[PDB]
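Worksheet: one structure, shown below.
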Amino acid sequence: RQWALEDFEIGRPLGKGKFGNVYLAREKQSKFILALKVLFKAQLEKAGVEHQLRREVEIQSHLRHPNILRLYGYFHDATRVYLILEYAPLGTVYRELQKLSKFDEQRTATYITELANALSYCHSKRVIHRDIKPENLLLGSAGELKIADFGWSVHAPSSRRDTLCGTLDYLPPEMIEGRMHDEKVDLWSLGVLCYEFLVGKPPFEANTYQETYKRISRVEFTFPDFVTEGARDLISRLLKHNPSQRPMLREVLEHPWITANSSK
Ligand SMILES: O=C(O)c1ccc(Nc2nccc(Nc3ccccc3Cl)n2)cc1
């Protein structure tokens, strides 16, 4: 009816964010495993986000997709807000990407279809701008890809390197430039993901925030040799200063290179 903390057993922290942690967890009776997002709400006050969080769990509770991480429920005690989340066993595509250093065209094209389907679902539900950079993407039961998004950025301990430092790389020129953004932002993201999948780094990566901005806004990015032309064409068509010049989502799914190497 309404949950509370003691309905759950708590395991390790999966990741730690600035507003709180995602703990591995299971409902007490069913012994069923899930993820508990814990938000401190004191850091929520300062940061000035409560309200929109509170209609978030409204909007996200309504969403259902294979490739979207499902929000089971939510509750609060006094000092903390809890998101009851679908558990994704295999973690972040960002770790996986760190493993192999790069993906191949199967992996990529399939992830991309998986992503395109979610966003396309998302739009129909009137939900835009989902942050799909790799560290908010999780890996489900066997191979499947899940957009986590929602709550604010969580890291499993690792690396350090790029902390962020990972920010604008995925941000579209219109967003960076402080301008009204529409559904088409998410296709910019897609273009950046795809590139990173194959290359191992994002196209605009640079040692300074300024320079990164320089490259994004001016859309300056160059492929290493191995990138297939069909890859290039999709990326190129995906990353355009003009939103209107970028494909609709099904165009992506229909793309020659997508359909070729996509397991899905
Ligand atoms: O540490 C690992 O190997 C690891 C990280 C995440 C895992 N699964 C999972 N499921 C549901 C939500 C969620 N939040 C989250 C946790 C850390 C980073 C990013 C996100 Cl979205 N994470 C499993 C293992």
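In the structure tokens, the first chain shown is A, the next is B, and so on; residue numbers restart at 1 for each chain, and ligands run from 1 in the order shown.
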Region 173-240 of chain A residues near region 91-101 of chain A within 12 Å, closest pair each, using only C-alpha atoms, as a tab-separated table:
```
residue	atom	partner	partner_atom	distance
A:193	CA	A:94	CA	10.8
A:194	CA	A:97	CA	11.9
A:196	CA	A:97	CA	8.9
A:197	CA	A:97	CA	7.3
A:198	CA	A:101	CA	9.0
A:199	CA	A:101	CA	8.2
A:200	CA	A:101	CA	5.5
A:201	CA	A:101	CA	8.7
A:202	CA	A:97	CA	11.8
```
Can you spit out the residues from that selection as a PDB file, in the first residue's frame, using N, CA and C atoms?
```pdb
ATOM      1  N   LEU A 193      26.818   9.316 -28.483  1.00  0.00           N
ATOM      2  CA  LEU A 193      26.944   7.963 -27.952  1.00  0.00           C
ATOM      3  C   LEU A 193      27.560   7.026 -28.971  1.00  0.00           C
ATOM      4  N   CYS A 194      26.943   6.983 -30.152  1.00  0.00           N
ATOM      5  CA  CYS A 194      27.374   6.097 -31.228  1.00  0.00           C
ATOM      6  C   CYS A 194      28.855   6.253 -31.479  1.00  0.00           C
ATOM      7  N   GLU A 196      31.105   7.450 -29.470  1.00  0.00           N
ATOM      8  CA  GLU A 196      31.896   6.997 -28.320  1.00  0.00           C
ATOM      9  C   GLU A 196      31.994   5.474 -28.281  1.00  0.00           C
ATOM     10  N   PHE A 197      30.877   4.816 -28.595  1.00  0.00           N
ATOM     11  CA  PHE A 197      30.820   3.360 -28.676  1.00  0.00           C
ATOM     12  C   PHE A 197      31.943   2.799 -29.549  1.00  0.00           C
ATOM     13  N   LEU A 198      32.098   3.364 -30.740  1.00  0.00           N
ATOM     14  CA  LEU A 198      33.082   2.879 -31.697  1.00  0.00           C
ATOM     15  C   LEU A 198      34.504   3.378 -31.417  1.00  0.00           C
ATOM     16  N   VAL A 199      34.617   4.640 -31.035  1.00  0.00           N
ATOM     17  CA  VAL A 199      35.933   5.212 -30.813  1.00  0.00           C
ATOM     18  C   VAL A 199      36.489   4.916 -29.426  1.00  0.00           C
ATOM     19  N   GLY A 200      35.615   4.947 -28.426  1.00  0.00           N
ATOM     20  CA  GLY A 200      36.032   4.800 -27.045  1.00  0.00           C
ATOM     21  C   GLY A 200      36.069   6.132 -26.325  1.00  0.00           C
ATOM     22  N   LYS A 201      36.189   7.211 -27.089  1.00  0.00           N
ATOM     23  CA  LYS A 201      36.021   8.548 -26.532  1.00  0.00           C
ATOM     24  C   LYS A 201      34.938   9.312 -27.291  1.00  0.00           C
ATOM     25  N   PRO A 202      34.361  10.343 -26.653  1.00  0.00           N
ATOM     26  CA  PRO A 202      33.423  11.245 -27.336  1.00  0.00           C
ATOM     27  C   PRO A 202      34.147  12.154 -28.354  1.00  0.00           C
TER      28      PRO A 202
END
```
**OP:** Please identify the residues whose atoms come within 8 Å of ligand 1, using only C-alpha atoms and all ligand atoms, and report them as a ChimeraX atom specification.
**Re:** /A:13-16,22,24,34-37,69,85-92,95,135-140,147-149,153-157
**OP:** Considering only C-alpha atoms, state which residue in the set A:144, A:186, A:211, A:105 is at the smallest distance from residue 227 (chain A).
**Re:** A:105
Original post:
Between A:50, A:114, A:229, A:27, which one has atoms that come closest to residue 10 (chain A), using only C-alpha atoms?
Top reply: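 Distance minimum relative to residue 10 (chain A) lands on A:27.
The smallest atom-to-atom distance between residue 213 (chain A) and any of A:49, A:118, A:176, A:238, using only C-alpha atoms, is found for A:176.
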Original post:
Which polymer residues have any atom within 12 Å of an atom of residue 209 (chain A), counting only C-alpha atoms, with same-chain residues fewer than 5 positions away left out, as a VMD selection string?
Top reply: chain A and resid 164 to 169 176 204 214 to 216
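Residue nearest residue 234 (chain A) within the list A:112, A:175, A:130, A:7: A:112 [criterion: smallest interatomic distance, only C-alpha atoms].
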**OP:** Would you return as a PyMOL selection string the members of region 5-254 of chain A that DSSP assigns to alpha helix (DSSP H) on this structure's backbone?
**Re:** chain A and resi 42-47+51-54+56-60+93-100+105-124+173-176+185-199+209-217+229-238+249-254
Deliver the residues from the most recent selection as a file, using C-alpha atoms, as a compact mmCIF listing (two decimals), in the first residue's frame.
```txt
# COMPACT_ATOMS: atom_id res chain seq x y z
CA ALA A 42 18.60 18.33 2.71
CA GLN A 43 20.85 18.60 -0.33
CA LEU A 44 17.57 18.62 -2.29
CA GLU A 45 16.41 21.73 -0.45
CA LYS A 46 19.57 23.72 -1.21
CA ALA A 47 19.77 22.56 -4.82
CA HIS A 51 8.70 19.90 -6.66
CA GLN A 52 9.87 18.68 -10.07
CA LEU A 53 11.30 15.59 -8.41
CA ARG A 54 7.81 15.07 -6.97
CA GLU A 56 8.97 13.11 -11.75
CA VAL A 57 8.00 10.04 -9.82
CA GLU A 58 4.57 11.00 -11.20
CA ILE A 59 5.74 10.92 -14.81
CA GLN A 60 8.31 8.12 -14.53
CA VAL A 93 27.63 0.57 -20.08
CA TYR A 94 30.38 2.98 -19.02
CA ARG A 95 32.18 0.27 -17.11
CA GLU A 96 31.71 -2.15 -20.00
CA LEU A 97 33.02 0.54 -22.34
CA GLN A 98 35.99 0.92 -20.02
CA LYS A 99 36.63 -2.82 -20.23
CA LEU A 100 36.91 -3.32 -23.98
CA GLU A 105 29.11 -2.45 -34.79
CA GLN A 106 26.84 -5.23 -33.56
CA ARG A 107 27.00 -4.05 -30.02
CA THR A 108 26.69 -0.44 -31.08
CA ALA A 109 23.86 -0.72 -33.63
CA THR A 110 21.89 -2.83 -31.18
CA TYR A 111 22.39 -0.45 -28.27
CA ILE A 112 21.38 2.38 -30.64
CA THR A 113 18.15 0.66 -31.66
CA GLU A 114 17.45 -0.06 -28.01
CA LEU A 115 18.01 3.60 -27.22
CA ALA A 116 16.02 4.89 -30.20
CA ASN A 117 13.08 2.76 -29.11
CA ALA A 118 13.10 4.14 -25.61
CA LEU A 119 13.28 7.79 -26.72
CA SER A 120 10.62 7.17 -29.37
CA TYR A 121 8.47 5.65 -26.64
CA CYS A 122 9.44 8.60 -24.45
CA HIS A 123 8.38 11.25 -26.93
CA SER A 124 4.98 9.63 -27.46
CA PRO A 173 25.01 23.32 -29.02
CA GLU A 174 21.47 24.65 -28.46
CA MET A 175 21.47 23.51 -24.81
CA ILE A 176 24.97 24.74 -24.06
CA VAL A 185 18.40 17.37 -28.61
CA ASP A 186 18.21 13.65 -27.85
CA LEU A 187 19.30 12.83 -31.38
CA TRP A 188 22.43 14.88 -30.86
CA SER A 189 23.10 12.75 -27.80
CA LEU A 190 22.53 9.59 -29.85
CA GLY A 191 25.12 10.81 -32.32
CA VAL A 192 27.62 11.36 -29.54
CA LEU A 193 26.94 7.96 -27.95
CA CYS A 194 27.37 6.10 -31.23
CA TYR A 195 30.68 7.78 -31.84
CA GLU A 196 31.90 7.00 -28.32
CA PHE A 197 30.82 3.36 -28.68
CA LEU A 198 33.08 2.88 -31.70
CA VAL A 199 35.93 5.21 -30.81
CA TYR A 209 35.83 23.17 -21.02
CA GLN A 210 36.27 26.09 -23.40
CA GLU A 211 37.79 24.02 -26.16
CA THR A 212 35.14 21.36 -25.76
CA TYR A 213 32.57 24.10 -26.22
CA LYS A 214 34.51 25.33 -29.26
CA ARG A 215 34.24 21.92 -30.96
CA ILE A 216 30.61 21.25 -30.07
CA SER A 217 29.19 24.61 -31.14
CA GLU A 229 31.28 4.97 -43.76
CA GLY A 230 27.72 3.89 -42.81
CA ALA A 231 28.66 4.65 -39.24
CA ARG A 232 30.04 8.03 -40.37
CA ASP A 233 26.92 8.81 -42.35
CA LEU A 234 24.63 8.13 -39.41
CA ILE A 235 26.81 10.06 -36.97
CA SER A 236 27.17 12.91 -39.46
CA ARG A 237 23.46 13.02 -40.11
CA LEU A 238 22.92 12.81 -36.31
CA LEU A 249 13.98 8.65 -34.52
CA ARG A 250 12.59 6.07 -36.94
CA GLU A 251 14.90 7.34 -39.67
CA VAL A 252 17.65 6.19 -37.30
CA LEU A 253 16.09 2.76 -36.93
CA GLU A 254 15.65 2.58 -40.71
```
